[PDB]
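So this one's target10.txt, compact mmCIF, N, CA and C atoms:
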```
# COMPACT_ATOMS: atom_id res chain seq x y z
N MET A 1 122.25 86.12 117.00
CA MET A 1 123.31 86.05 115.95
C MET A 1 122.83 86.67 114.65
N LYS A 2 121.52 86.76 114.47
CA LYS A 2 120.94 87.34 113.27
C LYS A 2 119.85 88.35 113.62
N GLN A 3 119.61 89.30 112.72
CA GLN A 3 118.59 90.31 112.94
C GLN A 3 117.62 90.31 111.77
N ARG A 4 116.35 90.04 112.03
CA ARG A 4 115.37 90.01 110.96
C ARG A 4 114.77 91.38 110.72
N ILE A 5 115.26 92.04 109.69
CA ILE A 5 114.74 93.34 109.32
C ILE A 5 113.68 93.12 108.26
N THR A 6 112.45 93.50 108.55
CA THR A 6 111.38 93.26 107.62
C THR A 6 110.53 94.48 107.34
N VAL A 7 110.63 94.95 106.12
CA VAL A 7 109.84 96.08 105.65
C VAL A 7 108.66 95.54 104.85
N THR A 8 107.54 95.29 105.52
CA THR A 8 106.37 94.76 104.86
C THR A 8 105.92 95.71 103.76
N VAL A 9 106.49 95.52 102.58
CA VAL A 9 106.20 96.39 101.44
C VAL A 9 104.88 96.03 100.73
N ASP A 10 104.96 95.48 99.51
CA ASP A 10 103.76 95.16 98.72
C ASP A 10 103.16 96.45 98.15
N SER A 11 103.43 97.57 98.83
CA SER A 11 102.95 98.87 98.41
C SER A 11 104.15 99.77 98.12
N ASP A 12 105.13 99.74 99.02
CA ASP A 12 106.34 100.53 98.86
C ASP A 12 107.11 100.06 97.62
N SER A 13 108.15 100.80 97.24
CA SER A 13 108.92 100.49 96.03
C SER A 13 109.72 99.19 96.09
N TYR A 14 109.96 98.65 97.27
CA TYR A 14 110.70 97.39 97.38
C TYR A 14 110.26 96.42 96.28
N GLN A 15 108.95 96.16 96.27
CA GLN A 15 108.33 95.24 95.33
C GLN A 15 108.73 95.54 93.89
N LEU A 16 108.94 96.82 93.58
CA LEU A 16 109.33 97.21 92.23
C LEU A 16 110.64 96.53 91.84
N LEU A 17 111.60 96.56 92.76
CA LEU A 17 112.90 95.94 92.52
C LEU A 17 112.78 94.44 92.34
N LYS A 18 112.08 93.79 93.26
CA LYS A 18 111.91 92.35 93.20
C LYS A 18 110.98 91.98 92.08
N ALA A 19 110.12 92.91 91.73
CA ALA A 19 109.18 92.71 90.65
C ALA A 19 109.94 92.52 89.34
N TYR A 20 111.16 93.04 89.30
CA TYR A 20 112.00 92.92 88.12
C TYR A 20 113.38 92.36 88.46
N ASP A 21 113.59 91.87 89.69
CA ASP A 21 114.90 91.34 90.06
C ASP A 21 114.95 91.17 91.56
N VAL A 22 114.13 90.25 92.04
CA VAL A 22 114.03 89.96 93.46
C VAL A 22 115.36 89.48 94.01
N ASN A 23 116.28 90.42 94.05
CA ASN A 23 117.63 90.22 94.55
C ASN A 23 118.09 91.54 95.12
N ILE A 24 117.40 91.97 96.15
CA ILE A 24 117.67 93.22 96.78
C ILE A 24 117.75 93.09 98.28
N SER A 25 117.06 92.11 98.83
CA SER A 25 117.09 91.91 100.26
C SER A 25 118.53 92.07 100.73
N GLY A 26 119.44 91.46 99.97
CA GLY A 26 120.85 91.59 100.26
C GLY A 26 121.30 93.00 99.95
N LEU A 27 120.70 93.58 98.90
CA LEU A 27 120.98 94.93 98.49
C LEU A 27 120.65 95.88 99.63
N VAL A 28 119.52 95.65 100.29
CA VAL A 28 119.11 96.47 101.41
C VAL A 28 120.31 96.77 102.30
N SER A 29 120.94 95.71 102.79
CA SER A 29 122.13 95.84 103.61
C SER A 29 123.32 96.37 102.81
N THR A 30 123.26 96.27 101.48
CA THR A 30 124.34 96.77 100.64
C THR A 30 124.27 98.27 100.58
N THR A 31 123.07 98.78 100.35
CA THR A 31 122.86 100.21 100.29
C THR A 31 123.33 100.86 101.58
N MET A 32 123.32 100.07 102.64
CA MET A 32 123.75 100.53 103.96
C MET A 32 125.26 100.53 104.06
N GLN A 33 125.92 99.68 103.27
CA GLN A 33 127.37 99.60 103.28
C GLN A 33 127.95 100.88 102.70
N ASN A 34 127.37 101.34 101.60
CA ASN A 34 127.80 102.57 100.96
C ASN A 34 127.52 103.73 101.89
N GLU A 35 126.35 103.71 102.51
CA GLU A 35 126.00 104.73 103.47
C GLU A 35 126.89 104.55 104.69
N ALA A 36 127.11 103.29 105.04
CA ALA A 36 127.98 102.94 106.16
C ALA A 36 129.33 103.61 105.98
N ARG A 37 129.92 103.40 104.81
CA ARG A 37 131.20 104.00 104.49
C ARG A 37 131.07 105.50 104.56
N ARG A 38 130.09 105.98 103.82
CA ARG A 38 129.84 107.40 103.73
C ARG A 38 129.72 108.05 105.12
N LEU A 39 128.82 107.53 105.96
CA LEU A 39 128.63 108.06 107.30
C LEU A 39 129.95 108.23 108.03
N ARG A 40 130.50 109.44 107.96
CA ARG A 40 131.77 109.75 108.61
C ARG A 40 132.09 111.24 108.48
N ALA A 41 131.40 112.06 109.26
CA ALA A 41 131.61 113.50 109.24
C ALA A 41 131.11 114.11 107.92
N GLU A 42 130.17 113.42 107.28
CA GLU A 42 129.61 113.89 106.02
C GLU A 42 128.31 113.16 105.70
N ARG A 43 127.44 113.81 104.93
CA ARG A 43 126.16 113.22 104.55
C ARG A 43 125.91 113.36 103.05
N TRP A 44 125.67 114.58 102.60
CA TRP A 44 125.41 114.84 101.19
C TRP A 44 126.15 116.09 100.72
N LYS A 45 125.62 117.25 101.08
CA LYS A 45 126.22 118.53 100.70
C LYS A 45 126.20 118.70 99.18
N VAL A 46 127.13 118.05 98.50
CA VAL A 46 127.22 118.13 97.05
C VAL A 46 126.66 116.88 96.39
N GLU A 47 125.53 117.04 95.69
CA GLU A 47 124.89 115.91 95.01
C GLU A 47 123.81 116.40 94.06
N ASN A 48 122.92 117.25 94.57
CA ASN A 48 121.83 117.80 93.76
C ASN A 48 122.37 118.69 92.65
N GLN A 49 122.03 118.36 91.41
CA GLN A 49 122.48 119.13 90.26
C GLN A 49 121.33 119.39 89.30
N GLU A 50 121.23 120.63 88.82
CA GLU A 50 120.17 121.01 87.89
C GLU A 50 118.80 120.90 88.55
N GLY A 51 118.28 119.68 88.62
CA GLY A 51 116.98 119.46 89.23
C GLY A 51 115.86 119.42 88.21
N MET A 52 116.06 120.09 87.08
CA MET A 52 115.06 120.12 86.02
C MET A 52 115.46 119.20 84.87
N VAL A 53 114.51 118.38 84.43
CA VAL A 53 114.76 117.45 83.33
C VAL A 53 113.49 117.18 82.54
N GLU A 54 113.27 117.98 81.50
CA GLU A 54 112.09 117.82 80.65
C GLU A 54 110.81 118.04 81.47
N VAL A 55 110.28 119.26 81.41
CA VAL A 55 109.06 119.59 82.14
C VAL A 55 107.82 119.40 81.28
N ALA A 56 108.04 119.01 80.04
CA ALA A 56 106.96 118.79 79.10
C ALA A 56 106.09 120.04 78.94
N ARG A 57 106.39 120.84 77.92
CA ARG A 57 105.64 122.06 77.67
C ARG A 57 104.35 121.76 76.90
N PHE A 58 103.61 122.81 76.56
CA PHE A 58 102.36 122.66 75.82
C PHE A 58 102.11 123.87 74.93
N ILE A 59 103.17 124.40 74.34
CA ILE A 59 103.06 125.55 73.46
C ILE A 59 103.67 125.26 72.09
N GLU A 60 104.98 125.04 72.07
CA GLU A 60 105.69 124.74 70.83
C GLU A 60 105.25 125.67 69.69
N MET A 61 104.92 126.90 70.04
CA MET A 61 104.48 127.88 69.05
C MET A 61 103.22 127.41 68.34
N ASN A 62 102.07 127.94 68.76
CA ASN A 62 100.79 127.58 68.16
C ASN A 62 100.62 128.25 66.80
N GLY A 63 101.23 129.41 66.64
CA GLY A 63 101.12 130.13 65.38
C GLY A 63 101.86 129.44 64.25
N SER A 64 101.34 128.30 63.82
CA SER A 64 101.96 127.53 62.74
C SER A 64 100.90 126.78 61.93
N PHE A 65 100.71 127.21 60.69
CA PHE A 65 99.73 126.58 59.81
C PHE A 65 100.31 126.35 58.42
N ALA A 66 99.87 125.28 57.77
CA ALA A 66 100.35 124.95 56.43
C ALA A 66 99.26 124.25 55.62
N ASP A 67 98.01 124.60 55.89
CA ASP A 67 96.88 124.01 55.19
C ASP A 67 95.71 124.98 55.13
N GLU A 68 96.02 126.27 55.07
CA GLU A 68 94.99 127.31 55.01
C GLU A 68 94.10 127.26 56.26
N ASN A 69 94.65 127.72 57.38
CA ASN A 69 93.90 127.73 58.64
C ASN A 69 94.44 128.80 59.58
N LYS A 70 93.64 129.17 60.56
CA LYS A 70 94.02 130.18 61.53
C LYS A 70 92.88 130.34 62.51
N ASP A 71 92.34 129.20 62.92
CA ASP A 71 91.23 129.15 63.80
C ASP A 71 91.42 130.05 65.00
N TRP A 72 90.39 130.08 65.79
CA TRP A 72 90.36 130.88 67.01
C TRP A 72 89.07 130.64 67.78
N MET B 1 96.64 93.25 102.03
CA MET B 1 97.64 92.52 101.22
C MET B 1 99.01 93.18 101.30
N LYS B 2 99.87 92.65 102.16
CA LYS B 2 101.22 93.19 102.34
C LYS B 2 102.27 92.13 102.02
N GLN B 3 103.48 92.58 101.69
CA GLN B 3 104.57 91.68 101.37
C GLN B 3 105.70 91.87 102.36
N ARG B 4 106.04 90.81 103.08
CA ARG B 4 107.09 90.87 104.08
C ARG B 4 108.46 90.56 103.49
N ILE B 5 109.24 91.61 103.24
CA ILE B 5 110.59 91.43 102.73
C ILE B 5 111.52 91.43 103.93
N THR B 6 112.09 90.28 104.25
CA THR B 6 112.94 90.19 105.41
C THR B 6 114.37 89.85 105.08
N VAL B 7 115.22 90.84 105.26
CA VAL B 7 116.66 90.68 105.07
C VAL B 7 117.31 90.52 106.44
N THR B 8 117.28 89.30 106.97
CA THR B 8 117.86 89.04 108.27
C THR B 8 119.34 89.43 108.25
N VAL B 9 119.62 90.64 108.72
CA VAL B 9 120.97 91.17 108.71
C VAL B 9 121.79 90.77 109.95
N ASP B 10 122.12 91.74 110.81
CA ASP B 10 122.96 91.48 111.99
C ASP B 10 124.41 91.35 111.54
N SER B 11 124.59 90.76 110.37
CA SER B 11 125.90 90.58 109.77
C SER B 11 126.06 91.55 108.61
N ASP B 12 125.00 91.68 107.81
CA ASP B 12 125.01 92.59 106.67
C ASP B 12 125.05 94.04 107.16
N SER B 13 125.25 94.96 106.23
CA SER B 13 125.37 96.39 106.55
C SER B 13 124.11 97.03 107.11
N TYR B 14 122.96 96.41 106.92
CA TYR B 14 121.71 96.96 107.44
C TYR B 14 121.92 97.55 108.84
N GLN B 15 122.47 96.70 109.72
CA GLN B 15 122.73 97.07 111.10
C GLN B 15 123.49 98.38 111.23
N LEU B 16 124.47 98.61 110.36
CA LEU B 16 125.25 99.85 110.42
C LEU B 16 124.35 101.07 110.30
N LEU B 17 123.35 100.97 109.43
CA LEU B 17 122.42 102.07 109.20
C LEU B 17 121.46 102.23 110.37
N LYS B 18 120.97 101.10 110.87
CA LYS B 18 120.03 101.11 111.99
C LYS B 18 120.74 101.30 113.31
N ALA B 19 121.98 100.91 113.34
CA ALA B 19 122.80 101.05 114.53
C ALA B 19 123.21 102.50 114.71
N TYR B 20 122.97 103.30 113.66
CA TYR B 20 123.30 104.70 113.67
C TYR B 20 122.12 105.55 113.16
N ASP B 21 120.98 104.92 112.86
CA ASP B 21 119.82 105.65 112.35
C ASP B 21 118.79 104.66 111.83
N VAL B 22 118.30 103.84 112.74
CA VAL B 22 117.31 102.82 112.42
C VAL B 22 116.06 103.44 111.82
N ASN B 23 116.24 103.90 110.61
CA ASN B 23 115.21 104.51 109.81
C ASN B 23 115.54 104.19 108.37
N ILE B 24 115.46 102.92 108.06
CA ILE B 24 115.79 102.44 106.76
C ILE B 24 114.73 101.53 106.22
N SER B 25 114.06 100.82 107.10
CA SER B 25 113.03 99.89 106.67
C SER B 25 112.23 100.53 105.54
N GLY B 26 111.79 101.76 105.78
CA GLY B 26 111.08 102.49 104.76
C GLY B 26 112.02 102.82 103.62
N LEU B 27 113.25 103.17 103.99
CA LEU B 27 114.31 103.47 103.05
C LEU B 27 114.49 102.34 102.06
N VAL B 28 114.49 101.10 102.57
CA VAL B 28 114.66 99.95 101.71
C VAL B 28 113.78 100.08 100.47
N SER B 29 112.49 100.23 100.71
CA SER B 29 111.53 100.39 99.65
C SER B 29 111.71 101.72 98.90
N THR B 30 112.39 102.69 99.52
CA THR B 30 112.60 103.98 98.89
C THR B 30 113.81 103.93 97.97
N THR B 31 114.93 103.49 98.52
CA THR B 31 116.15 103.39 97.75
C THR B 31 115.92 102.61 96.47
N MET B 32 115.06 101.60 96.56
CA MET B 32 114.73 100.78 95.41
C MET B 32 113.81 101.54 94.47
N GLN B 33 113.07 102.51 95.02
CA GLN B 33 112.18 103.33 94.22
C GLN B 33 112.99 104.14 93.23
N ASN B 34 113.99 104.85 93.74
CA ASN B 34 114.86 105.64 92.89
C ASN B 34 115.44 104.75 91.80
N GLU B 35 115.74 103.52 92.18
CA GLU B 35 116.24 102.54 91.22
C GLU B 35 115.07 102.09 90.36
N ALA B 36 113.90 102.00 91.00
CA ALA B 36 112.68 101.61 90.32
C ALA B 36 112.40 102.56 89.17
N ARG B 37 112.48 103.86 89.44
CA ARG B 37 112.26 104.86 88.40
C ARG B 37 113.36 104.77 87.38
N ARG B 38 114.57 104.90 87.90
CA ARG B 38 115.75 104.89 87.08
C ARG B 38 115.83 103.64 86.19
N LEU B 39 115.14 102.57 86.59
CA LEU B 39 115.14 101.32 85.82
C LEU B 39 114.94 101.58 84.33
N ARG B 40 116.05 101.67 83.60
CA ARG B 40 116.01 101.92 82.17
C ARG B 40 116.86 100.90 81.40
N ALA B 41 117.42 99.93 82.11
CA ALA B 41 118.25 98.91 81.48
C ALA B 41 119.45 99.52 80.77
N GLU B 42 120.64 99.30 81.33
CA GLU B 42 121.87 99.83 80.75
C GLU B 42 121.73 101.30 80.37
N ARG B 43 122.72 101.82 79.66
CA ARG B 43 122.70 103.22 79.24
C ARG B 43 122.47 103.33 77.73
N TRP B 44 121.74 102.37 77.18
CA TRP B 44 121.45 102.37 75.75
C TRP B 44 119.96 102.13 75.50
N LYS B 45 119.26 103.18 75.08
CA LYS B 45 117.84 103.09 74.81
C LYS B 45 117.40 104.15 73.79
N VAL B 46 117.43 105.41 74.21
CA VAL B 46 117.04 106.51 73.34
C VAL B 46 117.77 107.79 73.71
N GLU B 47 118.54 108.32 72.76
CA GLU B 47 119.30 109.55 72.99
C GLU B 47 120.29 109.38 74.13
N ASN B 48 121.06 110.43 74.40
CA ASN B 48 122.05 110.39 75.47
C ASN B 48 121.75 111.45 76.53
N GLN B 49 122.68 111.63 77.46
CA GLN B 49 122.51 112.61 78.53
C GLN B 49 122.31 114.01 77.97
N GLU B 50 121.20 114.64 78.34
CA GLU B 50 120.88 115.98 77.87
C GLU B 50 121.21 117.02 78.94
N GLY B 51 121.12 118.29 78.56
CA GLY B 51 121.41 119.36 79.50
C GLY B 51 122.82 119.90 79.35
N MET B 52 123.38 119.75 78.16
CA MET B 52 124.73 120.23 77.88
C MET B 52 124.75 121.75 77.71
N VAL B 53 125.54 122.43 78.53
CA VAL B 53 125.64 123.88 78.46
C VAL B 53 127.09 124.33 78.60
N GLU B 54 127.59 125.02 77.57
CA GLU B 54 128.97 125.51 77.58
C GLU B 54 129.11 126.70 78.53
N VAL B 55 128.07 127.52 78.61
CA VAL B 55 128.08 128.68 79.48
C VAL B 55 126.89 128.64 80.44
N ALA B 56 126.09 129.69 80.44
CA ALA B 56 124.92 129.76 81.31
C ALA B 56 123.96 130.86 80.85
N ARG B 57 123.79 130.97 79.54
CA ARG B 57 122.90 131.98 78.97
C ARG B 57 121.47 131.78 79.47
N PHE B 58 120.71 132.87 79.51
CA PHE B 58 119.33 132.82 79.97
C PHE B 58 118.45 133.76 79.14
N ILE B 59 118.72 133.81 77.85
CA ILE B 59 117.96 134.67 76.94
C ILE B 59 117.48 133.89 75.72
N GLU B 60 116.40 133.13 75.90
CA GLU B 60 115.84 132.33 74.82
C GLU B 60 115.08 133.22 73.83
N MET B 61 114.50 134.30 74.34
CA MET B 61 113.75 135.23 73.51
C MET B 61 113.89 136.66 74.03
N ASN B 62 113.24 137.59 73.34
CA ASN B 62 113.29 139.00 73.73
C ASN B 62 112.27 139.30 74.82
N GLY B 63 111.17 138.55 74.82
CA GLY B 63 110.13 138.75 75.81
C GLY B 63 108.79 138.22 75.36
N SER B 64 108.50 138.35 74.07
CA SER B 64 107.24 137.88 73.51
C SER B 64 107.35 137.69 72.00
N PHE B 65 107.71 138.76 71.31
CA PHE B 65 107.85 138.72 69.85
C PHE B 65 108.39 140.04 69.32
N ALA B 66 108.82 140.03 68.06
CA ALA B 66 109.36 141.23 67.43
C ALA B 66 108.25 142.04 66.76
N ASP B 67 107.59 142.89 67.54
CA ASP B 67 106.52 143.73 67.02
C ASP B 67 106.54 145.11 67.66
N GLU B 68 107.73 145.56 68.05
CA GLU B 68 107.89 146.86 68.68
C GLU B 68 109.36 147.14 69.00
N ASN B 69 109.78 148.38 68.79
CA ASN B 69 111.16 148.77 69.05
C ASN B 69 111.28 150.28 69.21
N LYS B 70 112.13 150.71 70.14
CA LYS B 70 112.34 152.13 70.39
C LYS B 70 113.37 152.25 71.49
N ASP B 71 114.41 151.43 71.37
CA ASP B 71 115.47 151.37 72.35
C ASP B 71 115.84 152.76 72.87
N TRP B 72 115.31 153.10 74.04
CA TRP B 72 115.58 154.39 74.65
C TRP B 72 116.15 154.22 76.06
```
Using the file provided, produce a representation of the structure as structure tokens.
Amino acid sequence: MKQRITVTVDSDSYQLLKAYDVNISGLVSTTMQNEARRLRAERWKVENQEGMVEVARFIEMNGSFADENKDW
Amino acid sequence: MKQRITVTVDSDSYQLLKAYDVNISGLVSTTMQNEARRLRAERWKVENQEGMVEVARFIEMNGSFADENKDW
């Protein structure tokens, strides 16, 4: 009558969720409901957008001095 | 040291995912990861959604600097 699905995490991200809101076990099956609905002659196709979000540069124009300097 | 997260489904949606692609156990900890990262508490913290573009220009500079010209 019941199925025990157990993802022995402690290392995986599961713990992250419960670490801040141990109310996901039910979510587990919830995430499947959305996928459940979704699963119907379709998967993703349209979802990935941009992909780039702040790559953190390291230049910001080095040629900038305001205290009598120009090292090298 | 492992943590056994057991969402005894059979009734919950878990089964739908495993009944059609029993490859979620890992997913459980993964789906929560994306949420784990995304964990930013509401949509109010610092600044808003970035990446606003009216067009699609790709000319931030000329190439290096303005120290030569001879448009031929």
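Annotation: chain B versus chain A, same sequence, C-alpha RMSD 11.7 Å after least-squares fit.
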Quick one: distance from atom C of residue 6 in chain B to atom C of residue 27 in chain A in Å, one decimal?
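Distance between the two atoms: 10.3 Å.
In chain B, the set of residues within 6 Å of chain A (atoms considered: only C-alpha atoms) is residues 2, 3, 4, 5, 6, 7, 8, 9, 10, 12, 13, 14, 16, 17, 25, 28, 29, 30, 32, 33 and 36 of chain B.
The interatomic distance for the pair CA of residue 21 in chain A and CA of residue 40 in chain B works out to 13.2 Å.
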Check chain A with DSSP on the backbone and list each residue it calls strand (DSSP E or B), as an MDAnalysis selection string.
chainID A and resid 4:8
Let's have the selection written as an mmCIF file, keeping the file's coordinate frame, with N, CA and C atoms.
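After the write, again-v5.cif holds the following:
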```cif
data_model
loop_
_atom_site.group_PDB
_atom_site.id
_atom_site.type_symbol
_atom_site.label_atom_id
_atom_site.label_comp_id
_atom_site.auth_asym_id
_atom_site.auth_seq_id
_atom_site.Cartn_x
_atom_site.Cartn_y
_atom_site.Cartn_z
ATOM 1 N N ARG A 4 116.350 90.040 112.030
ATOM 2 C CA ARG A 4 115.370 90.010 110.960
ATOM 3 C C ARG A 4 114.770 91.380 110.720
ATOM 4 N N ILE A 5 115.260 92.040 109.690
ATOM 5 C CA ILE A 5 114.740 93.340 109.320
ATOM 6 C C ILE A 5 113.680 93.120 108.260
ATOM 7 N N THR A 6 112.450 93.500 108.550
ATOM 8 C CA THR A 6 111.380 93.260 107.620
ATOM 9 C C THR A 6 110.530 94.480 107.340
ATOM 10 N N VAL A 7 110.630 94.950 106.120
ATOM 11 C CA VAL A 7 109.840 96.080 105.650
ATOM 12 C C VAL A 7 108.660 95.540 104.850
ATOM 13 N N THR A 8 107.540 95.290 105.520
ATOM 14 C CA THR A 8 106.370 94.760 104.860
ATOM 15 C C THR A 8 105.920 95.710 103.760
#
```
Could you work out how far atom C of residue 57 in chain A lies from CA of residue 51 in chain B, giving the answer in Å with one decimal?
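Between these atoms lies a distance of 17.4 Å.
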From the DSSP assignment of the backbone, select every residue of chain A that is helix (DSSP H, G or I), and format the answer as a VMD selection string.
chain A and resid 14 to 19 25 to 38
Grab the residues selected above and save them as a CSV table (one decimal), in the frame of the given file with N, CA and C atoms.
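Below is the file result.csv, written as the result:
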```
chain,number,residue,atom,x,y,z
A,14,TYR,N,110.0,98.6,97.3
A,14,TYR,CA,110.7,97.4,97.4
A,14,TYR,C,110.3,96.4,96.3
A,15,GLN,N,109.0,96.2,96.3
A,15,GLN,CA,108.3,95.2,95.3
A,15,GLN,C,108.7,95.5,93.9
A,16,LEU,N,108.9,96.8,93.6
A,16,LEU,CA,109.3,97.2,92.2
A,16,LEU,C,110.6,96.5,91.8
A,17,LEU,N,111.6,96.6,92.8
A,17,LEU,CA,112.9,95.9,92.5
A,17,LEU,C,112.8,94.4,92.3
A,18,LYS,N,112.1,93.8,93.3
A,18,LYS,CA,111.9,92.4,93.2
A,18,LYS,C,111.0,92.0,92.1
A,19,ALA,N,110.1,92.9,91.7
A,19,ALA,CA,109.2,92.7,90.6
A,19,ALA,C,109.9,92.5,89.3
A,25,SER,N,117.1,92.1,98.8
A,25,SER,CA,117.1,91.9,100.3
A,25,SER,C,118.5,92.1,100.7
A,26,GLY,N,119.4,91.5,100.0
A,26,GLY,CA,120.8,91.6,100.3
A,26,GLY,C,121.3,93.0,100.0
A,27,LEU,N,120.7,93.6,98.9
A,27,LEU,CA,121.0,94.9,98.5
A,27,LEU,C,120.6,95.9,99.6
A,28,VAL,N,119.5,95.6,100.3
A,28,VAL,CA,119.1,96.5,101.4
A,28,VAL,C,120.3,96.8,102.3
A,29,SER,N,120.9,95.7,102.8
A,29,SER,CA,122.1,95.8,103.6
A,29,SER,C,123.3,96.4,102.8
A,30,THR,N,123.3,96.3,101.5
A,30,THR,CA,124.3,96.8,100.6
A,30,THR,C,124.3,98.3,100.6
A,31,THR,N,123.1,98.8,100.4
A,31,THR,CA,122.9,100.2,100.3
A,31,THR,C,123.3,100.9,101.6
A,32,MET,N,123.3,100.1,102.6
A,32,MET,CA,123.8,100.5,104.0
A,32,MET,C,125.3,100.5,104.1
A,33,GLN,N,125.9,99.7,103.3
A,33,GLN,CA,127.4,99.6,103.3
A,33,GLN,C,128.0,100.9,102.7
A,34,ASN,N,127.4,101.3,101.6
A,34,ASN,CA,127.8,102.6,101.0
A,34,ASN,C,127.5,103.7,101.9
A,35,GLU,N,126.4,103.7,102.5
A,35,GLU,CA,126.0,104.7,103.5
A,35,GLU,C,126.9,104.6,104.7
A,36,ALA,N,127.1,103.3,105.0
A,36,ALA,CA,128.0,102.9,106.2
A,36,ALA,C,129.3,103.6,106.0
A,37,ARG,N,129.9,103.4,104.8
A,37,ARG,CA,131.2,104.0,104.5
A,37,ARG,C,131.1,105.5,104.6
A,38,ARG,N,130.1,106.0,103.8
A,38,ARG,CA,129.8,107.4,103.7
A,38,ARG,C,129.7,108.0,105.1
```
